[PDB]
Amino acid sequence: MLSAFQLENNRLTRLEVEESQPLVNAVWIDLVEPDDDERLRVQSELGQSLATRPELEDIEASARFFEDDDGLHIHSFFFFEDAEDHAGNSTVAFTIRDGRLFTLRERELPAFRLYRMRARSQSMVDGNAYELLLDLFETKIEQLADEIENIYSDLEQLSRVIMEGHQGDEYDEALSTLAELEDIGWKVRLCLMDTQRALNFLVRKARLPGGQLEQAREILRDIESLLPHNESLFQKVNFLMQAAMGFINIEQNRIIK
């Protein structure tokens, strides 16, 4: 799946690519599970090699945040929920070269879907590939913060269910939900931590136009402010787990009596 976008008055407008062959006019090329026809098309029409599937698995800093003849590379976890509502992180390879942004990804993602919807009726400021990359990160953080907000409200309700060792079988259900909330929070943290590394790298490495530099710092500031929330949820979750076992053992005693 190949989509391309060009700029018109600092407004991202969707290029037709099946028909309007010239890719050279695009500021952003976005690939989702691209076949070899699409890869080769980018290779020949632009200068651009793209990362292979196993290179997106690499978690080492030097494999994710690096500069080379193919441009500036940032690989970053993006958060998603699979078909059975199980949280996950999907690595996206960002590449910036000659003022063009390339995003290579394994699947559809809610941040991208959201940014694209907004980009349809919303002006960029400086109108460049670095701004675009950060806009996508802004969007990511916005969603991560929404995830955390919902862990709180779900955990609040679940908390009240757990305050009785009244078991059968709203308690099997409670432990399961706890474990689902732990896992979401855990994966949100990985996503935040990784974006944090990515942005710290960017700040030291890319000439970032100054409007872009402040934007990046703003996102870093948001991340610094979300991480503690994440850590706070783990305490609560772990305590709730402990209390539940207490109630289960109290119940066991009742039963044996």
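So that there is no doubt, residue numbering starts at 1 and follows the sequence shown.
Participant: Using only C-alpha atoms and the B-factors in the entry, which stretch averages higher, 214 to 222 or 30 to 38?
Facilitator: Comparing averages over the C-alpha atoms only gives 30 to 38.
Participant: Going by the B-factors listed in the PDB entry, is the mean over the C-alpha atoms higher for 59 to 67 or for 198 to 206?
Facilitator: Going by the record's values, the stretch with the higher mean is 198 to 206.
Participant: Using the entry's values, work out which of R105, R113, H166, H75 has the largest Cα B factor.
Facilitator: Highest C-alpha B-factor among the listed residues goes to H166.
Participant: Highest Cα B-factor in the PDB entry belongs to which of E156, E173, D183, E84?
Facilitator: Of the candidates given, the C-alpha B-factor peaks at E173.
Participant: Using the temperature factors of the C-alpha atoms in this entry, rank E138 within its chain: lowest, middle or highest third.
Facilitator: Bottom third by C-alpha B-factor.
Participant: By the recorded C-alpha temperature factor, relative to the other modelled residues in its chain, which third is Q21 in?
Facilitator: Its C-alpha B-factor, which the entry lists for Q21, ranks in the highest third among residues of this chain.
Participant: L46: which third of its chain by C-alpha temperature factor?
Facilitator: Within its chain, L46 is a highest-third residue by C-alpha B-factor, going by the deposited values.
Participant: Within this chain's modelled residues, let me know which third the CA B factor of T13 belongs to: lowest, middle or highest.
Facilitator: Tercile = highest for this residue's CA B-factor.
Participant: In terms of the chain's CA B-factor thirds, is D126 lowest, middle or highest?
Facilitator: Answer is highest: the recorded C-alpha B-factor places it there.
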